[PDB]
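Q: Quick one: experimental structure and sequence below.
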Amino acid sequence: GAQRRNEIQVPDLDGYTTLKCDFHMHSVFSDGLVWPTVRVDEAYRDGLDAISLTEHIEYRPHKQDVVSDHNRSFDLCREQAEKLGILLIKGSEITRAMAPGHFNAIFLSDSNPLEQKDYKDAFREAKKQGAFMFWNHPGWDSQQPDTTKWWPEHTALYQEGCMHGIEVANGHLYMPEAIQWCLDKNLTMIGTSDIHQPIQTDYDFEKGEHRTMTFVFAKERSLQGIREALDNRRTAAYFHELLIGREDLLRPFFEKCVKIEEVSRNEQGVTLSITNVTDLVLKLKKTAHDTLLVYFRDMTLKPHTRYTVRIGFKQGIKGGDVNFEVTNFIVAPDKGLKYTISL
Amino acid sequence: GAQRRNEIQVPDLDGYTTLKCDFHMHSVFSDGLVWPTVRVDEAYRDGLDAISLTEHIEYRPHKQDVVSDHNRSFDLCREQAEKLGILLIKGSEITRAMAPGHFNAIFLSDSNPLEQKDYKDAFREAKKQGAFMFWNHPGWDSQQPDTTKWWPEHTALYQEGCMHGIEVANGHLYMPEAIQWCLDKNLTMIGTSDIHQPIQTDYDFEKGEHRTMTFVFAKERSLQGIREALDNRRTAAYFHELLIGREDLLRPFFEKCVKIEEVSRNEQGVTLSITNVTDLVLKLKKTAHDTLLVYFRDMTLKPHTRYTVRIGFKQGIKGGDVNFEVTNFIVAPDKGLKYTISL
Amino acid sequence: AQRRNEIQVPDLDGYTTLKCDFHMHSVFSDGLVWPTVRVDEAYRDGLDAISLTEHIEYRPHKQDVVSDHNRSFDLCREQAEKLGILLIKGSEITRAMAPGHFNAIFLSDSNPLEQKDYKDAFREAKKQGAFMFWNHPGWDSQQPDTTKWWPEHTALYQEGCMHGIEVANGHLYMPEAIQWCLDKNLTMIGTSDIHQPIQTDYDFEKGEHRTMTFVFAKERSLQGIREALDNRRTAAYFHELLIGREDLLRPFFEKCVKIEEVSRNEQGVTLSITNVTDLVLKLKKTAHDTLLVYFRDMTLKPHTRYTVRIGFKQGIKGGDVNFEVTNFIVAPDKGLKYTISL
Amino acid sequence: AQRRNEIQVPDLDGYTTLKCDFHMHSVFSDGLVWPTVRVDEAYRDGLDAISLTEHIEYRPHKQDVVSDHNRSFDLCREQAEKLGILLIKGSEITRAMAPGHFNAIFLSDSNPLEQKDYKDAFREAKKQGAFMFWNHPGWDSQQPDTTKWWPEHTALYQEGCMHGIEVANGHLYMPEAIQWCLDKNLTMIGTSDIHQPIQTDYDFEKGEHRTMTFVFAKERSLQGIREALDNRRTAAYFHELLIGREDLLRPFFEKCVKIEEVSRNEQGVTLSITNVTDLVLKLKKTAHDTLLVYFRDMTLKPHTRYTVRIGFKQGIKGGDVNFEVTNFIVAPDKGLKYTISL
Ligand SMILES: C[As](C)(=O)[O-]
Ligand SMILES: C[As](C)(=O)[O-]
Ligand SMILES: C[As](C)(=O)[O-]
Ligand SMILES: C[As](C)(=O)[O-]
Ligand SMILES: [Zn+2]
Ligand SMILES: [Zn+2]
Ligand SMILES: [Zn+2]
Ligand SMILES: [Zn+2]
Ligand SMILES: [Zn+2]
Ligand SMILES: [Zn+2]
Ligand SMILES: [Zn+2]
Ligand SMILES: [Zn+2]
Ligand SMILES: [Zn+2]
Ligand SMILES: [Zn+2]
Ligand SMILES: [Zn+2]
Ligand SMILES: [Zn+2]
């Protein structure tokens, strides 16, 4: 081997360790285009901590050639995953017509029983295994071409205990309708690649792109750690430049992303130095404020960059709230995180 | 020398030649950080056709060291510009407090007379030279920190014949308020770099970024050609992934950006092949349509890439209007170009 | 979503320069991608032809990938066609050294090459009139100290079972093979032998490219490619090196540079030299008239115009501007010699 | 908006590796950027120290850039300080060959080096106790055929006016200078001699870096740097090459690689070799026990862990895994020799 890892530099919330996970992907054992061990190589290289090779149960177009059961791609990844310190969550993709559409069952013990005639029996087996289940690409236009709706089956599934999360972001597809669903129904927001091609084929790493993924705030770096995080919705989806999650999580995360220090002060205002200590670009937009409190209208804090920020005091003011939205920290559809720097 | 040019691959409107211009930049002869010939090297390399080194009249912080008049940086660029086939428009930046703020006077014959005590006399000299004049960075938060307004002086200036355009985009600053101004007041939409640093220092070319600039649709590649285009508002600002301009210009431009061909048809629908023949990424978003006409919800046509697009016919339909907004072809603030592919 | 990155290199007079990769693997042997991926990659890299050459003898996925020796090729035909990629059927005869490993291309059937005796694997290929070349002769796993030519190789060569040698494979450069081809009248080949996804082995961010072969053909067809290979109308493109016989490399260089006299006086000449290609060209001054003053070394970056001055000392009025194109290998440790006569 | 790209290279025991560029220009001579830009660039490139060394004799912008010889340095002090960049005052004595061009650094005043006789320019620098080195000895504009050592150079050297030679300048590599330093007990230096904006001459997209000097110091201070230069505790970092005396390069390599024995049996040993640096390392097998079977050639990419197997043939139980670190130049055309004893 020739092993190189590019760590994903993001912080940890107090009490938790931030794990980078991809809970949805494919190999040639379904409709994917790579041998399963490649998914392990890619995760390693990309600084991921955990993955789930979630083959389609119902869709295996290579089956005349690639002859196996539903547990086989997982089996093939185990040694590699161990050697490279990647956590491997057994899972599968229950692929059906809309509704209910496509769901992933992860933390399975056995994939085979998920092959059933009736979709309902498919979900009953996964449930029986106590699987963590989430709705995939609700918004995929192939199944919902005009509008991303919630069907009576999703309601059923959700009441049966067969929906624990929803993908709010899949590959290059962002689905805000799902954000509101997770908020209203108390579900875990998920983000995955749903990779079929080689990873490099779908992400222009050259341009600093990254695979859509999920930040999991775990009490420990183990299978159980991840599961407990997911059970408790202690996640955020990382998509392009967006980070999607509950405010109660994004707020403290943002606080860890920047190092704000008062460099100076006087009668005329305050001088700060704000440093982005992450790999994540941060985009700030001024919000309602005291007009006598003079600062930026817009501001982009690039990764690992320190900025000098002057806040002016007009008329007589001695301080105040430097208010802004972190536009790319999505706490609700079309709503970015609100933050204040009190001076 | 060692000369390499990276052409900007965009089309030409019928009757016109598309020229790529930067009408606002700086050298060490004001507050810029490079020798003037560098601006010529950069333009060449970046596939530009024309530039204007527009030094501040009032602000020259290097003056103890760099001793000259206001025509000198232009003078120094002439030979290089000629050798490299770059068109050099003499200009300057009338730098004042808000209001009226900062304006560029281009197509000057002599920069020196623009140095006057009263700003009004500054504009009267530029006018006297029949200069093409535009308002710079109306939105720059340093001078308008809370809101981008139109002052009574801009009204005056505009009625005196001292405003022919407005920058709708400056460097990494997008100012939509200006779009509406140009639309209401019939002005030329401009986009510039306002470069002070070396060009590579402010644009991550690695990530395929490009200097903010202006597409000028000229009847000829000459100084007069450009001037006639500008006089007639035959421009579009190119900013990041956005192209900003009047619909009557963007519509036919988009039509030249894609090559749509019907690959096939039947009772079930139509198969198209759409190719982006430009360096510009194109972003399509489905709009109001016949629901029986099944197609994408969202779609990104990357540069120089061919896509196969299937349009389905539900119930009995034999065709219709494949409607979508080109979200990054801005025809009005917050309003993208509307387009239809009739089948 | 299809995007092609054309390889901008010139055409010699009377021929079309085809970019080909005659050695590669998929899951159907010991590669790591579905076969259709090799066609996609080829299209994207601006290639014209490929051969998916699965090992006959080494199929470590066969318990899962149950198909025969013809299957990966079969699975690529449609795609190749849709994307304009010529698909040459081949296989890799994979044995112990000697003879080592050989590619057999322009096959009609891969299945019969599965034989107990290596010589029978070769007779089957020969019976199909295959174009056969010796792979990675220098691979350290089989020749760990010296790249040697073995009796088995003489014999295969004498039996009409060696038409080419790989001079470059992946990231491995094997000069010993250059001399062999030169001495034996064989086709120098450059291939990738890709097993990983292509992007995993080549850093395209850095201007790297798959090792490949420039094939100078009379037509963009399977038949056109074969006639070129049969007659050694090839060059191996490896990293920054272009490797081939001098009678090809010389006119090729000529086509890579646009030289113009911009000016002349008593003091010398000013030339403009433009590199109209994607290839970097490295020049180094060789023996010359010392009164003819020019560069010592010079690198011509792709698609870049250079202004070059030649001084005339004492009373000289002209002369031979002599240099070596160091990355244009015409023989082991020998670059193309060239003159600009002024 | 400040972003620093640290150069990740190791520290030798007892010293701190400083990255320095002792040769560069601005608009105050024949460079093309305002001086403050050189400080910004240095910070961004992960450098620790620079010297803006304007030509004394060649100031083609002086009709516009009217200031004295101390001014560009002066203009950079504040910025340098704000950004933690050590600023060494210097100038370039720019003459015809011989003696050619020399940098004088650790100056107190640049103004007095402006003299009619070159020897007086040097006496002024020497009077200030400057560290003096010969620039681009191999520059083809002044030595177009051969890089020669001239009597003027012997004389400057004997007069205590040559403490170093540039072995690497910008994109120019000059091996002749390596032997000279070795023979004369001088400091090998690598500089950029940047005139353009830095990005214009280096393709960072491709992993290129400014030519520079690794300085092994006892403190991150002007005084620390000087003591290092005085005692030749340097290496020149040029493209993929690191050039320096063997007594520095050997422990430096040792620090670049983390070697571990992962396993051993009768059949051999499996090692893991990690390159913990930003530097690419190129290994080539040298003379060895032929019963000790290992790689022929191997390239260790930055921040990459390699699994390497050493086979034991016949009855061998261990041995010397001998190779050359080809990009670690200890002498002209000589790479660092190294052994891993198993
Ligand atoms: C994006 As799929 C074919 O895994 O549903
Ligand atoms: C952005 As300016 C200092 O040219 O107004
Ligand atoms: C490099 As191979 C396994 O094709 O001999
Ligand atoms: C390369 As120079 C003009 O500093 O001698
Ligand atoms: Zn799938
Ligand atoms: Zn799915
Ligand atoms: Zn899927
Ligand atoms: Zn300015
Ligand atoms: Zn301004
Ligand atoms: Zn300006
Ligand atoms: Zn193989
Ligand atoms: Zn092989
Ligand atoms: Zn092979
Ligand atoms: Zn110079
Ligand atoms: Zn010099
Ligand atoms: Zn110099």
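A: That came in fine, so what should we check first? Numbering: from 1, shown residues only, chains lettered A, B, ... in the order given. Ligands and ions are numbered 1, 2, ... in the order given.
Q: Which stretches in chain A count as helices?
A: A:36-45, A:72-83, A:119-128, A:152-160, A:176-185, A:199-202, A:223-231, A:247-257 (DSSP state H).
Q: Excluding residues flanking it in the chain, which one is nearest residue A:308?
A: residue A:273 (5.6 Å; C-beta to C-beta, 6 or more residues apart in numbering or on different chains). (C-beta placed from N, C-alpha, C; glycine too.)
Q: again with residue A:181
A: Spatial nearest neighbour of residue A:181, excluding adjacent residues (C-beta to C-beta, 6+ apart): residue A:166 at 5.8 Å.
Q: need the contact list for that neighbour.
A: Residue A:166 makes contact with A:134, A:135, A:138, A:178, A:181, A:182, A:187, A:188, A:189, A:190, according to C-beta atoms under 8 Å, 6 or more residues apart in numbering or on different chains.
Q: if we go to 10 Å?
A: A:103, A:134-139, A:150, A:154, A:158, A:175, A:177-179, A:181-182, A:185, A:187-190 (C-beta atoms under 10 Å, 6 or more residues apart in numbering or on different chains).
Q: Just give me the neighbour total for the residue lying closest to residue A:312 once chain neighbours are set aside.
A: Once flanking residues are discounted, residue A:312 sits nearest to residue A:294: 3.4 Å by C-beta to C-beta, 6+ apart. Using other C-beta atoms under 10 Å in any protein chain shown, residue A:294 is surrounded by 20 other residues.
Q: Residue A:294 contacts residue B:146, doesn't it?
A: Yes. If you go by C-beta atoms under 10 Å, residue A:294 and residue B:146 touch, sitting 8.7 Å apart.
Q: So the one residue in the stretch 51-200 of chain A that gets nearest to ligand 12 versus residue B:104, what's the distance?
A: Using C-beta to the ion, the single residue of the stretch 51-200 of chain A nearest to ligand 12 is residue A:198, 22.0 Å away. Using C-beta to C-beta, to the nearest Å, one gets 48 Å for the distance from residue A:198 to residue B:104.
Q: list the contacts for the residue nearest to residue A:109 when sequence neighbours are not counted?
A: Using C-beta to C-beta, 6+ apart and skipping residues adjacent in sequence, the residue nearest residue A:109 is residue A:129, 5.1 Å away. Residue A:129 is in contact with A:90, A:105, A:107, A:108, A:109, A:110, A:111, A:113, A:114, counting by C-beta under 10 Å, 6+ apart.
Q: Looking at chain A, which strand is longest?
A: strand A:321-332 (DSSP state E).
Q: Tell me which residues touch the residue nearest to residue A:312, please.
A: A:268-269, A:310-314, A:317, A:322, B:141-142, B:145-146.
Q: Can you tell me which of those residues is closest to residue B:302?
A: residue B:141 (33.0 Å; C-beta to C-beta).
Q: How about the closest one, nearest residue that isn't a chain neighbour?
A: residue A:297 (4.0 Å).
Q: number of nearby residues for that neighbour?
A: Neighbours of residue A:297 using other C-beta under 10 Å come to 18.
Q: Quickly note the distance from it to residue B:31.
A: 22 Å.
Q: what do you get for residue A:217?
A: For residue A:217, the distance to residue B:31 - C-beta to C-beta - is 46 Å.
Q: The two - which one has more neighbours?
A: Each of residue A:217 and residue B:31 had its neighbours counted (other C-beta under 10 Å), and the higher figure belongs to residue A:217 (24 against 17).
Q: Out of the contacts of residue A:166, which are close to ligand 6?
A: Contacts with ligand 6 within the contacts of residue A:166, counted by C-beta under 5 Å from the ion: residue A:136.
Q: Give me the distance between the two termini of stretch A:43-52.
A: 10 Å (C-alpha to C-alpha, to the nearest Å).
Q: ok and the residue in the stretch 1-150 of chain A nearest ligand 6?
A: residue A:102 (3.6 Å).
Q: Burial check on the nearest residue to that residue once chain neighbours are set aside, number of neighbours?
A: Distances taken as C-beta to C-beta, 6+ apart place residue A:136 nearest to residue A:102, at 4.2 Å, with adjacent residues excluded. Residue A:136 has 22 neighbouring residues, counting by other C-beta under 10 Å.
Q: repeat for residue A:239
A: Neighbour tally, residue A:239, other C-beta under 10 Å: 25.
Q: Check the one 4 residues further on too.
A: Other residues within reach of residue A:243, judged by other C-beta under 10 Å, total 26.
Q: what residues are up against residue A:32?
A: A:25-26, A:38-39, A:53-56, A:62, A:73, A:194-198, C:34.
Q: 7 Å instead, please
A: A:26, A:196 (C-beta atoms under 7 Å, 6 or more residues apart in numbering or on different chains).
Q: now do residue A:123
A: A:94, A:157, A:162.
Q: Which of these sits closest to ligand 15?
A: residue A:94 (71.0 Å).
Q: so the closest one touches residue A:101, yeah?
A: No. Contact criterion C-beta atoms under 7 Å: residue A:94 and residue A:101 do not qualify, at 9.3 Å.
Q: Just want to know which of those two has more residues nearby.
A: Neighbours were counted for residue A:94 and for residue A:101 using other C-beta under 10 Å; residue A:94 has more, 26 against 21.
Q: hey, what's the more buried one bridged with?
A: Counting by DSSP bridges, residue A:94 forms beta bridges with residue A:103.
Q: Neighbours of the closest residue to ligand 3 within the stretch 51-200 of chain A, how many?
A: For the stretch 51-200 of chain A, the residue closest to ligand 3 is residue A:80, as judged by C-beta to the nearest ligand atom, at 18.2 Å. By other C-beta under 10 Å, 19 other residues sit near residue A:80.
Q: Just list the residues touching it, thanks.
A: Listed by C-beta under 7 Å, 6+ apart, the contact set of residue A:80 reads A:37, A:40.
Q: cutoff 10 Å now
A: So residue A:80 contacts A:1, A:36, A:37, A:38, A:39, A:40, A:41, A:43, A:44, A:86, A:88 (C-beta under 10 Å, 6+ apart).
Q: Then residue A:46?
A: So residue A:46 contacts A:5-8, A:20, A:22, A:193, A:199, A:203, A:205, A:210-211, A:213 (C-beta under 10 Å, 6+ apart).
Q: Now do residue A:266 against ligand 3, distance only.
A: Using C-beta to the nearest ligand atom, to the nearest Å, one gets 69 Å for the distance from residue A:266 to ligand 3.
Q: if I read this right, that residue contacts residue A:319, doesn't it?
A: No. Counting by C-beta under 10 Å, residue A:266 does not reach residue A:319; the two are 11.8 Å apart.
Q: The closest residue to ligand 9 within the stretch 151-300 of chain A and ligand 15: what is the separation?
A: Proximity of the stretch 151-300 of chain A to ligand 9 (C-beta to the ion) peaks at residue A:297, 16.0 Å away. From residue A:297 across to ligand 15, the span is 47 Å (C-beta to the ion, to the nearest Å).
Q: got the phi/psi numbers for residue A:33?
A: Dihedral pair for residue A:33: phi -120, psi 10, per degrees, to the nearest 10.
Q: show me the contacts for it.
A: A:26-27, A:62, A:195-198, A:201, C:27, C:33-37, C:40, C:197 are the contacts of residue A:33 under C-beta under 10 Å, 6+ apart.
Q: just to revisit the earlier point, my guess is the residue of the stretch 1-150 of chain A closest to ligand 6 contacts residue A:144. True?
A: No. In this structure residue A:102 lies outside contact range of residue A:144 using C-beta under 10 Å: 11.4 Å.
Q: what touches both of the two?
A: With C-beta under 10 Å, 6+ apart as the test, residue A:102 and residue A:144 both reach A:137, A:138.
Q: roughly how far is stretch A:127-147 from the heart of the chain?
A: Taking C-alpha atoms, centre = their mean, to the nearest Å, one finds stretch A:127-147 lying 15 Å from the centre of the chain it belongs to.
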